[PDB]
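Reading through the structure tokens given below for one structure.
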Amino acid sequence: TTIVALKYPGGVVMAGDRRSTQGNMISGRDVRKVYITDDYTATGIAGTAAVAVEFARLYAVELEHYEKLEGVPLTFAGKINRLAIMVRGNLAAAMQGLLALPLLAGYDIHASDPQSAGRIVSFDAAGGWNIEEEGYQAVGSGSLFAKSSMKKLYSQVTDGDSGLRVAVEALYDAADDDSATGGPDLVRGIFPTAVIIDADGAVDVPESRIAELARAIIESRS
Amino acid sequence: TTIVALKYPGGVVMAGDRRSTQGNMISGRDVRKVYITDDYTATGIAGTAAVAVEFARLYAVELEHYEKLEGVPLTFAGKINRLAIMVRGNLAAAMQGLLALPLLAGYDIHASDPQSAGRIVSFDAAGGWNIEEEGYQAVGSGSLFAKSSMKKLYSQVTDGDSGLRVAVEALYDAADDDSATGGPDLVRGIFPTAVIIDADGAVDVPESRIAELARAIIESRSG
Amino acid sequence: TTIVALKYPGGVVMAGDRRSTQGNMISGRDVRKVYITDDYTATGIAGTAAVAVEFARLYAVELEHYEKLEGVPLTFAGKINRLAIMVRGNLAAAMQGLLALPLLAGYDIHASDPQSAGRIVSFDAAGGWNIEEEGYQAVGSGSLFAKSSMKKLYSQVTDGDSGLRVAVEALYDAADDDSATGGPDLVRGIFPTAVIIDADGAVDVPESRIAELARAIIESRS
Amino acid sequence: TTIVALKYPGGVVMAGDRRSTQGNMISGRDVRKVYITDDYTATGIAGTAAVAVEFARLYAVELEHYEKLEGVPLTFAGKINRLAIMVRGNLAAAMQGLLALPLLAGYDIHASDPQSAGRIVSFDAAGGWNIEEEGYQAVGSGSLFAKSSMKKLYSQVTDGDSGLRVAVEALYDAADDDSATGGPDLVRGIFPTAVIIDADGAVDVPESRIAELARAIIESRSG
Amino acid sequence: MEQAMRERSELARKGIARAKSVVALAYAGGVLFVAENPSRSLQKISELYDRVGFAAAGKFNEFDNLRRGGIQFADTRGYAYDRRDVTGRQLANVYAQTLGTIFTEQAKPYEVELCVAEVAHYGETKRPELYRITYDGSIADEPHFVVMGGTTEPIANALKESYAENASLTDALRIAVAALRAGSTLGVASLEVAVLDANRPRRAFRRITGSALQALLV
Amino acid sequence: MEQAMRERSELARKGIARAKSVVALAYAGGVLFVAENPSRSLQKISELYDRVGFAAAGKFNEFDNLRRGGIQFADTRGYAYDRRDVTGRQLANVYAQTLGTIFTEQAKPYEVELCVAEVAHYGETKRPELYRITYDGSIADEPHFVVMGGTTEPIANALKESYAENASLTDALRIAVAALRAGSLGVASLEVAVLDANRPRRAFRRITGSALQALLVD
Amino acid sequence: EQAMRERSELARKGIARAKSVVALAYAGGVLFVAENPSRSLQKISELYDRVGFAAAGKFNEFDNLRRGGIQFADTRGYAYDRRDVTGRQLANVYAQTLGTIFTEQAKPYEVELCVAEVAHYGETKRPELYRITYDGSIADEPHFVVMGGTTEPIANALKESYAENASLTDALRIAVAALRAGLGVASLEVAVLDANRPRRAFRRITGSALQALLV
Amino acid sequence: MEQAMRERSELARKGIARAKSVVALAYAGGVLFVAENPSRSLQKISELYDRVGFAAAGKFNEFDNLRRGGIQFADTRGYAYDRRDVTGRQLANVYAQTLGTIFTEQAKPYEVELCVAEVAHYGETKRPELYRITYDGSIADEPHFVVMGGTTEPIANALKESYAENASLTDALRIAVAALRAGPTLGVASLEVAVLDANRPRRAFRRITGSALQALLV
Ligand SMILES: O=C1CCc2cccc(c2)Oc2ccc(cc2)C[C@@H](C(=O)NCc2ccccc2F)NC(=O)[C@H](CC(=O)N2CCC[C@@H]2c2ccccc2)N1
Ligand SMILES: O=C1CCc2cccc(c2)Oc2ccc(cc2)C[C@@H](C(=O)NCc2ccccc2F)NC(=O)[C@H](CC(=O)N2CCC[C@@H]2c2ccccc2)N1
Ligand SMILES: O=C1CCc2cccc(c2)Oc2ccc(cc2)C[C@@H](C(=O)NCc2ccccc2F)NC(=O)[C@H](CC(=O)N2CCC[C@@H]2c2ccccc2)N1
Ligand SMILES: O=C1CCc2cccc(c2)Oc2ccc(cc2)C[C@@H](C(=O)NCc2ccccc2F)NC(=O)[C@H](CC(=O)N2CCC[C@@H]2c2ccccc2)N1
């Protein structure tokens, strides 16, 4: 798996690949690993598929649970802490191969500076959390290829559309070097999923636009 | 074991072999591994016989228990989740040799398009679940032979009968390469079992139609 | 141990050997391993003597306990389930050497066709149960030899007497090849025990009949 | 240890040696291993001395406890079951070296025919129990030598006295081949103990009768 | 002690009398349940097991608690043994034990009255069994019909006159609706109707709602 | 204290007095139970163990609870020790302890009156034993017959002058049915069973249908 | 008998002294209107996607029940699926819960609850409204529910001035008018279950938007 | 039932009415608490969290228990989620639930009256919030002022006359003391004064003692 997240002027993008494996065998081609967790928050998870799926589902209900109980959503720091506590609670099972590693992207409506409300938070198997300040981050078995790809391409991020194209290209580079990350499938018509978050909230990116960016990247490579 | 499931226009088919083993020894010849779990749902389980049969019986009770308590059946997604949670709760025993790997086929009465209302869900030993979108799936020791056979045969699936034929031929290929999967037994008259589910519900396929299709596959391959 | 069971028109027969061992040493010559569990059911158990005896005794009490509490006996399927649950609950001890492997024979008084109302159910150490449909089964260290003998002999089974004779011959072949299964003892006059169940219920087979059949087999093979 | 028990017309006899060991070292010369556990039963125990002694004492308390609570003694089969459950409950400690292996002799006042109302019940470390029907049994490290001796001598048993003589000789043969079984000590005047049970109940056999029989056995072996 | 239990008895009897009425009767195809119920979603009749049905009168949350307890008991029994081991008699038996305990020990007695009905298994011929369990745990085995809730006696005597064994479904539905009207207009908008259909292969319980019920009321 | 126990004793006595009648008596073949019961599924007489039977009068759910507890006690006892170690005296002793605790501690006393009967094992010669346990835990040893439920004195006196030791099953049955008539009777209104001392192990057996009619006619 | 009569009296009198709440079905789903002088303490709430909650009576008590229903709905939606949570079963568990409270709690709850469900997006299904009283009695209502204070004037006013498929503006003025017979932005808590929303139908109508809806 | 809660409300009314009085007012700098307290070490006004303050009237040990319990709740909530997720609305809600449980379930209801107040965080412009919670769990949020303990209605109407929104600090203090004497001279020895100062960077609660407090009363 590779999940990428990067900040653009006034927002954030998160994109993830579509592959699941069972050892060497490919066991899934259309896995959706990027979740809209609430109106202003998306999470992408890598690891054991069962644990990752369960994590995204339960995290979303926990955030909405608090909102309905108290009448207001959690502060962004509170959302971070609850996701970290969930990973920390899974540590013993994670050491036995039931590992979930999440990546958190969001837009803080209560941010001090409304121009810089984008948020990227990465986590570790121990529940550690770090608010990323260099503009991008990744998680999964291709996260190093994706982060090194983004280190070179991030200067091109000037708006939401160029940030999306960079995120998709970083996923393309990760799939290029990591057989556990799936690249665009032009035969079946399957492409990474993406979520974009700005002041108007988080929305799913249409598949047609991702397919367009993927085809352009493929043509520029060949 | 090999259980197969595939979508056809209007419904779904699930079929499974009849063999049990203890090591190299054949210990059963008429095992029934495909269960009608409710009126629109079929479950086929592979793994340790004792655990597999207990999973199927408990799962069917659980779905009916909810239906009677709440007056309405579970949504198909609710049925998926209960089956997944059952597998997850067995993970520790499964690591000690008490493994159950189910496969789920169903007809969603609340789906959008009635001709795409067929559903197929595969699972793993950790309680993972994945709704299949490519039209077919299998589980068991012969599942890779079956899936690779259905990959080449799926195009001829246009209705319920042709879907049944493909399912039986996949099981035949599975038993051709996997000794833990049973092929048709022409001397004893024992054949795979099958369930078809459409808008009218889930029904067992009569042994006669499966026998006719198996003989057709057999003499087609013998010349 | 070898315990056999076979169906015949209108009933079922179960027979078992008399030997117990402690390693290579013979520790018992008179063991009764086939129990009339209730009026229409017989249970035969292989494995660790202490556990097998306790299983038979507890199972019979459980069946009668239900009948007195509820005014009606369990259905035969319910009887299968309770025995399977007993074996499943012993699995941990069975992995520690306290193994009980039962074989169940019965006559279902609620079956439609009384000619085929006989029932034979085999079990495994995980509590698996399988209703046999080929007419015979066996359990114990000699069960392979007995099942292969019955395979060649089952065509001779036309009634209770010939079913009993085949059962005794299978036990003879098992003891012929398995030193942990006791043959007929002519010096001491000790012979396998047997239960036969039909629409009139289960009855112990008199020792004299089994002696007759055992001597006939011995005479024939000499 | 060796403890023997055998049936004679109208009763049973049980006899045990007097030795305790700690490895090769002799740690006891007058151990009493055959306990009158109620008016009609005796228990002889081999194994770890502490566990054997506690077993005999607790078992006799349990039988008398039932009798006072319920106003009647347990049936002989009830007595067997309580002993077997006691042994079964010690299985974990026995696997750690705290092993007790009893042998039970008794006279069933409720038996059908009073001539064969004698009962000999052997037990194993899992709590298995087996009523013996061939006339004699033994338990302990010398039990094989004792049983093989009784196999040859049992035809001489016609009454209580010859039954006691055969039991004493069986113990002699056991000590002859098993260094963990004590033989008669003519220097210290220490001999095996014995209990006889008939319709009149269980009584200890006077050591002087045991001594006379042992000396006669020693004289015959000498020439 | 003696008037405390009689006060509990009167509280429960009053609660049952203030609720609408329910009828269960044996017809040719099994057992018919007909209850006066204006609600569209809140039910007084229910499936318990394959061939066992449930009807109640009184306070909803209390007989719904007992309905759920019965399903729990039935499903647990069928799983722990076999489906065929579940009977209407033992369901009525445990309802009698439970209501007896509630009537003597709970803070307030249950203002409920229960009917448990069982029809034959598929392909087998056996007369339907009807059981009544009252608020105190008393249990009665009836052969033809059971009336529960509200003014019961006029409905009971209307059935006492017009009931006929092995009547058709439409005849039984007419007799039941008429007997209910004797105790107090009743149409599809104010009726809850279901049957235990002995011709069903496994699950005999099926509801009759809307167009089908209107067609059988004419 | 003394009024509390007088009220509880009165509630229980009245509840038993308003109940249908049961008798049990020794005869040549063992023990016979007859009770006034119109139900075709509910039972007041039951097997407890091999040679031990049970009969009750009063509220059904309460003596069915006690019937079940007694079966639980006997099966556990015979398994922990041996079958022959279970006796009717033990079960009566248990019922006396149980009913006494119920009478002093439960919210409402049990309105029950129990008979426990034991016959001899197969081939043994032993007088039948009959135990009566009342609602307060009091226990009585009876040698000839036991009557429970409702108006007892007419039935008791009818049996007194009419009881014959070693009577036939037919004779003793007619005697018991006639004694029941003195108070509050055909196949449809009777539950009858015997502890048959000639059965090899399970002495309990019910007498219903055509066989009960044949025994009732002559 | 006297214990239950006193408990019913305490609950009935406590509810009779509380402010009133109305819920009614309109063309856009369900509309909740309650007299509430507070700006932060609320009597109307979301329960699940298409399920809403309204209460009259003692605040701490119906708030306990509000949180309890939220815990129930989220637990059931997670143990099964979101679509398996219904308004009917929420009202069912409220009836069971209040029945237990009424008979066993140290003091009965002085509360009256409404559970309402609208259709999920894209589906045409008539709204459902349930009234659950302090003793666990449960009522199925087709058009509107009134709770708290003197209910008869409000109910009758709604009974003659209720229009099926009425607009949001018309339904809102009918509700405020019916409540008046018992009112501005500062003294009203208003929220709707909007059947046109894609998932979460609950939305509060507050301040300037509420003023525009009234005028 | 009615008698129990009647006497409990009566007991709590008398205990609160006997105790001394406390007032909380919203002013331009945040929220000000003024209470009559002659003790030097026993405090009625207290910090709860960053921007949340606490004031009480009644029996000391009881509102001290409630003060500590609110500190446990807020600290636990801020650690489990984040500091900025702790609000005065939340703590007031918890106090209503807690006092409701105490009033109905404990051996004696608490004779306390609670005020929870929150002011804006540093750099923000948000209207202050005041909450009043009574001995039975009744809760109401006020816009301007809250009065507790002693004879409240004179003080409440006095403030209703002499309250000015966004008034000065010393202005509001003299307004509060003037309303406090309406129910003769109140100096530093008779007063406990604190504020939730919306201008402090995190911990808004700060006490006003001795020299400073006296300077504010000239
Ligand atoms: O390998 C397995 C079996 C469980 C297992 C056993 C032993 C070691 C182990 C994991 O250890 C492991 C083995 C393999 C992995 C992790 C751990 C990689 C991981 C993955 O691809 N993960 C990508 C991914 C990320 C987020 C969300 C979903 C998702 F698939 N793969 C997995 O867990 C695979 C997944 C798989 O085949 N199936 C088939 C049907 C259901 C399940 C699926 C669920 C949901 C979506 C897609 C697929 N399970
Ligand atoms: O091997 C065993 C013994 C239990 C065991 C011990 C050690 C390791 C182990 C399993 O580990 C294993 C050993 C063997 C397997 C798995 C795990 C393969 C598996 C199988 O064939 N499974 C096919 C199958 C699928 C679904 C339903 C039923 C069914 F048989 N076989 C099994 O578990 C076999 C099954 C078997 O022989 N018997 C004989 C009578 C009852 C039981 C049966 C039940 C029901 C139907 C058909 C047969 N049990
Ligand atoms: O070998 C032993 C020692 C106990 C033990 C502990 C842990 C693991 C284990 C064996 O490991 C084992 C060792 C041996 C076996 C299994 C496991 C085979 C098994 C057997 O023969 N079983 C045949 C049999 C089948 C059904 C009923 C009774 C019966 F004897 N033998 C056994 O358990 C033997 C049995 C034995 O000697 N005695 C002497 C007196 C009491 C007991 C007996 C009871 C009842 C009837 C006949 C004998 N115990
Ligand atoms: O060896 C020991 C130490 C305990 C031990 C440690 C580790 C392993 C182990 C046993 O494992 C063992 C080591 C040795 C044995 C068993 C287990 C043989 C066994 C024996 O001879 N037993 C004969 C015997 C049978 C029945 C009743 C009494 C009786 F002594 N010996 C024993 O347990 C010896 C006994 C012993 O020396 N003493 C000295 C004083 C008290 C004790 C005694 C009590 C009562 C009577 C006579 C002696 N204890």
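Going through the structure tokens in order, the chains are called A, B, and so on, while each chain numbers its residues from 1 and the ligands are numbered from 1 in the order shown.
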### Task
Identify all residues of segment 43-204 of chain G in alpha helix (DSSP H) (DSSP on the backbone) and supply them as an MDAnalysis selection string.
chainID G and resid 59:79 87:104 151:161 168:180
### Task
Produce as a VMD selection string the set of residues near ligand 2, where near means within 9 Å with only C-alpha atoms and all ligand atoms considered.
(chain B and resid 1 to 2 17 to 23 25 to 34 44 to 54 56 96 to 100 140 180 to 181) or (chain C and resid 121 to 132)
### Task
Dump as a ChimeraX atom specification the residues of chain A that approach chain B to within 8 Å, counting only C-alpha atoms.
/A:49-51,53
For N, CA, C and O atoms, I'd like the residues from the last selection saved as a PDB file, in the first residue's frame.
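What landed in selection_19.pdb:
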ATOM      1  N   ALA A  49      -5.407  -5.797   6.149  1.00  0.00           N
ATOM      2  CA  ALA A  49      -6.620  -5.225   5.562  1.00  0.00           C
ATOM      3  C   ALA A  49      -7.768  -5.193   6.564  1.00  0.00           C
ATOM      4  O   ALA A  49      -8.450  -4.172   6.714  1.00  0.00           O
ATOM      5  N   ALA A  50      -7.990  -6.307   7.267  1.00  0.00           N
ATOM      6  CA  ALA A  50      -9.077  -6.382   8.240  1.00  0.00           C
ATOM      7  C   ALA A  50      -8.954  -5.292   9.297  1.00  0.00           C
ATOM      8  O   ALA A  50      -9.940  -4.634   9.649  1.00  0.00           O
ATOM      9  N   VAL A  51      -7.742  -5.087   9.818  1.00  0.00           N
ATOM     10  CA  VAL A  51      -7.554  -4.103  10.878  1.00  0.00           C
ATOM     11  C   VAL A  51      -7.686  -2.690  10.325  1.00  0.00           C
ATOM     12  O   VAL A  51      -8.270  -1.808  10.967  1.00  0.00           O
ATOM     13  N   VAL A  53      -9.474  -1.657   7.659  1.00  0.00           N
ATOM     14  CA  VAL A  53     -10.889  -1.389   7.407  1.00  0.00           C
ATOM     15  C   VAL A  53     -11.606  -1.073   8.713  1.00  0.00           C
ATOM     16  O   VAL A  53     -12.286  -0.046   8.842  1.00  0.00           O
TER      17      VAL A  53
END
### Task
Using DSSP on the backbone coordinates, identify all residues within segment 12-197 of chain A classified as strand (DSSP E or B); present the result as a PyMOL selection string.
chain A and resi 12-16+20-22+25-28+34-38+41-47+100-107+118-123+129-131+136-140+185+190+193-197
Given the selection you just returned, output its residues as a file containing N, CA and C atoms, formatted as a compact mmCIF listing (two decimals), in the first residue's frame.
# COMPACT_ATOMS: atom_id res chain seq x y z
N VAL A 12 -5.92 20.50 1.39
CA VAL A 12 -5.12 19.29 1.49
C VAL A 12 -5.73 18.23 0.57
N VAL A 13 -4.87 17.34 0.08
CA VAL A 13 -5.24 16.23 -0.78
C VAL A 13 -4.70 14.95 -0.16
N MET A 14 -5.48 13.87 -0.23
CA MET A 14 -5.02 12.54 0.14
C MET A 14 -5.42 11.56 -0.96
N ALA A 15 -4.47 10.72 -1.38
CA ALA A 15 -4.72 9.73 -2.41
C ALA A 15 -4.12 8.39 -2.00
N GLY A 16 -4.76 7.31 -2.43
CA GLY A 16 -4.33 5.98 -2.07
C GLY A 16 -4.51 5.01 -3.23
N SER A 20 -4.63 -5.02 -2.84
CA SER A 20 -4.44 -5.88 -1.67
C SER A 20 -3.70 -7.13 -2.11
N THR A 21 -2.81 -7.62 -1.25
CA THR A 21 -2.03 -8.81 -1.55
C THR A 21 -2.18 -9.84 -0.44
N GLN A 22 -1.93 -11.09 -0.79
CA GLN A 22 -1.77 -12.20 0.15
C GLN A 22 -0.42 -12.83 -0.16
N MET A 25 0.66 -13.17 -4.04
CA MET A 25 -0.55 -13.14 -4.85
C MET A 25 -1.28 -11.81 -4.70
N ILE A 26 -1.83 -11.33 -5.81
CA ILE A 26 -2.71 -10.17 -5.80
C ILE A 26 -4.11 -10.66 -5.46
N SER A 27 -4.67 -10.12 -4.37
CA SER A 27 -5.97 -10.57 -3.89
C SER A 27 -7.06 -9.52 -4.03
N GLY A 28 -6.72 -8.28 -4.37
CA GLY A 28 -7.70 -7.25 -4.60
C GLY A 28 -7.18 -6.18 -5.55
N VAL A 34 -8.82 5.27 1.21
CA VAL A 34 -8.94 6.66 1.65
C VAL A 34 -10.39 6.91 2.03
N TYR A 35 -10.61 7.27 3.29
CA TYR A 35 -11.95 7.42 3.84
C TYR A 35 -12.22 8.88 4.18
N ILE A 36 -13.42 9.35 3.85
CA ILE A 36 -13.89 10.61 4.41
C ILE A 36 -14.41 10.31 5.81
N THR A 37 -13.67 10.76 6.82
CA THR A 37 -13.99 10.42 8.20
C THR A 37 -15.04 11.36 8.78
N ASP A 38 -14.96 12.65 8.44
CA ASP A 38 -16.06 13.58 8.69
C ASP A 38 -15.97 14.69 7.64
N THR A 41 -12.25 15.88 7.41
CA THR A 41 -11.19 14.95 7.79
C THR A 41 -11.22 13.71 6.91
N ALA A 42 -10.04 13.29 6.46
CA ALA A 42 -9.87 12.04 5.73
C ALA A 42 -8.73 11.24 6.35
N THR A 43 -8.89 9.92 6.36
CA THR A 43 -7.85 9.02 6.86
C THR A 43 -7.56 7.96 5.81
N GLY A 44 -6.28 7.72 5.57
CA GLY A 44 -5.83 6.59 4.78
C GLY A 44 -5.03 5.65 5.66
N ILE A 45 -5.26 4.35 5.50
CA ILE A 45 -4.67 3.35 6.38
C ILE A 45 -3.96 2.30 5.54
N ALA A 46 -2.82 1.84 6.04
CA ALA A 46 -2.09 0.72 5.48
C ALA A 46 -1.94 -0.36 6.56
N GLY A 47 -1.69 -1.58 6.11
CA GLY A 47 -1.46 -2.67 7.03
C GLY A 47 -2.31 -3.88 6.74
N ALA A 100 -2.28 -1.84 11.85
CA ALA A 100 -2.89 -0.75 11.10
C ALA A 100 -2.05 0.50 11.30
N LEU A 101 -1.64 1.12 10.20
CA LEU A 101 -0.90 2.38 10.24
C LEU A 101 -1.70 3.46 9.50
N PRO A 102 -2.27 4.43 10.19
CA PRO A 102 -3.06 5.47 9.52
C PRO A 102 -2.26 6.73 9.20
N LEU A 103 -2.81 7.48 8.25
CA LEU A 103 -2.35 8.83 7.92
C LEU A 103 -3.57 9.75 7.92
N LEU A 104 -3.44 10.91 8.56
CA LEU A 104 -4.55 11.83 8.80
C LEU A 104 -4.33 13.13 8.04
N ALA A 105 -5.27 13.48 7.17
CA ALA A 105 -5.30 14.78 6.50
C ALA A 105 -6.61 15.48 6.82
N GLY A 106 -6.55 16.80 7.00
CA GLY A 106 -7.75 17.53 7.36
C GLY A 106 -7.61 19.02 7.14
N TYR A 107 -8.72 19.72 7.36
CA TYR A 107 -8.80 21.17 7.30
C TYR A 107 -9.37 21.65 8.63
N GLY A 118 -4.54 23.80 6.50
CA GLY A 118 -4.26 22.43 6.11
C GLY A 118 -3.51 21.68 7.20
N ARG A 119 -3.79 20.38 7.29
CA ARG A 119 -3.25 19.55 8.36
C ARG A 119 -2.89 18.17 7.83
N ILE A 120 -1.66 17.74 8.10
CA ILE A 120 -1.21 16.39 7.81
C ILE A 120 -0.58 15.83 9.08
N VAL A 121 -1.04 14.66 9.51
CA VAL A 121 -0.54 14.00 10.72
C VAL A 121 -0.20 12.56 10.38
N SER A 122 1.01 12.14 10.72
CA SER A 122 1.43 10.75 10.56
C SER A 122 1.57 10.08 11.92
N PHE A 123 1.50 8.75 11.91
CA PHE A 123 1.46 7.95 13.12
C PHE A 123 2.43 6.78 13.01
N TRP A 129 2.25 10.29 17.26
CA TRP A 129 1.67 11.19 16.27
C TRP A 129 2.60 12.38 16.06
N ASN A 130 2.67 12.85 14.81
CA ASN A 130 3.52 13.98 14.48
C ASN A 130 2.82 14.83 13.43
N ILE A 131 2.55 16.09 13.77
CA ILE A 131 1.97 17.01 12.80
C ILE A 131 3.05 17.40 11.80
N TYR A 136 4.00 17.51 2.94
CA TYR A 136 3.55 16.23 2.41
C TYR A 136 3.99 15.11 3.35
N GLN A 137 3.38 13.95 3.16
CA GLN A 137 3.68 12.76 3.95
C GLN A 137 3.07 11.56 3.25
N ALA A 138 3.53 10.37 3.63
CA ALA A 138 3.02 9.14 3.05
C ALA A 138 3.09 8.03 4.09
N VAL A 139 2.36 6.94 3.81
CA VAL A 139 2.37 5.77 4.68
C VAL A 139 2.22 4.53 3.81
N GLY A 140 2.78 3.42 4.27
CA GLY A 140 2.68 2.15 3.59
C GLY A 140 4.02 1.70 3.03
N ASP A 185 -4.51 0.89 -13.66
CA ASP A 185 -4.87 -0.27 -14.48
C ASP A 185 -5.69 0.26 -15.65
N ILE A 190 -9.11 1.10 -13.62
CA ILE A 190 -9.08 1.31 -12.18
C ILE A 190 -7.89 2.20 -11.85
N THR A 193 -7.77 6.29 -5.62
CA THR A 193 -8.82 7.15 -5.11
C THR A 193 -8.19 8.37 -4.46
N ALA A 194 -8.95 9.47 -4.42
CA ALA A 194 -8.45 10.69 -3.81
C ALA A 194 -9.59 11.42 -3.12
N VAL A 195 -9.23 12.17 -2.08
CA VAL A 195 -10.13 13.07 -1.39
C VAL A 195 -9.44 14.42 -1.28
N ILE A 196 -10.19 15.49 -1.56
CA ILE A 196 -9.68 16.86 -1.44
C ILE A 196 -10.49 17.58 -0.38
N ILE A 197 -9.82 18.36 0.46
CA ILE A 197 -10.44 19.03 1.59
C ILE A 197 -10.03 20.50 1.59
### Task
Pull out every residue of chain E sitting within 8 Å of chain B, counting only C-alpha atoms, and send them as a PyMOL selection string.
chain E and resi 46-48+68+71-72+75+79
Determine which residues of chain C sit within 8 Å of chain F, taking into account only C-alpha atoms, and present them as a compact mmCIF listing (two decimals) with N, CA, C and O atoms, in the first residue's frame.
# COMPACT_ATOMS: atom_id res chain seq x y z
N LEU C 58 -21.48 -40.01 31.21
CA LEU C 58 -22.06 -38.67 31.26
C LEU C 58 -23.07 -38.47 30.14
O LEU C 58 -24.11 -37.82 30.34
N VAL C 61 -26.45 -40.05 30.95
CA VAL C 61 -27.14 -39.24 31.95
C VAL C 61 -27.71 -37.97 31.32
O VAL C 61 -28.84 -37.57 31.63
N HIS C 65 -31.51 -37.06 31.28
CA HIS C 65 -31.82 -35.81 31.97
C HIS C 65 -32.78 -34.96 31.14
O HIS C 65 -33.75 -34.40 31.67
N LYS C 68 -36.43 -36.58 31.03
CA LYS C 68 -37.21 -36.39 32.23
C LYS C 68 -37.59 -34.92 32.44
O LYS C 68 -38.68 -34.64 32.95
N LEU C 69 -36.72 -33.99 32.06
CA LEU C 69 -37.05 -32.58 32.20
C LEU C 69 -38.16 -32.18 31.24
O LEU C 69 -39.05 -31.39 31.59
#### Entry: Computed interatomic separation between atom CA of residue 21 of chain G and atom CA of residue 135 of chain H (Å)
25.6 Å
### Message
Set the distance at 12 Å and use only C-alpha atoms: which residues neighbour residue 174 of chain G once local chain neighbours fewer than 4 positions away are removed? I'd like the list as an MDAnalysis selection string.
### Response
chainID G and resid 22:26 31:33 144 154:164 166:170 178:181 214
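All residues of protein, DNA or RNA that reach within 6 Å of segment 172-178 of chain B, judged by only C-alpha atoms and not counting those fewer than 6 positions away in the chain, are residues 142, 145 and 146 of chain B.
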Take the residues just selected and output them with N, CA and C atoms as a PDB file, in the first residue's frame.
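The resulting file, selection-v7.pdb, is shown below:
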ATOM      1  N   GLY B 142      -8.503 -25.531  -3.455  1.00  0.00           N
ATOM      2  CA  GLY B 142      -8.520 -25.536  -4.904  1.00  0.00           C
ATOM      3  C   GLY B 142      -9.025 -24.230  -5.478  1.00  0.00           C
ATOM      4  N   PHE B 145      -7.002 -22.703  -8.516  1.00  0.00           N
ATOM      5  CA  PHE B 145      -7.324 -23.402  -9.754  1.00  0.00           C
ATOM      6  C   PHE B 145      -8.718 -23.028 -10.245  1.00  0.00           C
ATOM      7  N   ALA B 146      -9.673 -22.880  -9.321  1.00  0.00           N
ATOM      8  CA  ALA B 146     -11.037 -22.547  -9.714  1.00  0.00           C
ATOM      9  C   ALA B 146     -11.135 -21.123 -10.252  1.00  0.00           C
TER      10      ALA B 146
END
#### Entry: Near-segment 113-117 of chain H list (9 Å; only C-alpha atoms; drop same-chain fewer than 2 positions) as a VMD selection string
chain H and resid 16 23 to 24 31 48 51 to 58 63 66 88 to 89 91 to 92 95 110 to 111 119 128 to 135 146 to 149 196
### Query
Do you know which residues are at most 12 Å from segment 150-162 of chain A counting only C-alpha atoms, after dropping those on the same chain fewer than 5 positions away, and could you put them as a ChimeraX atom specification?
/A:4-14,118,134-138,143-145,167-174,194-198,205,209-210,212-213
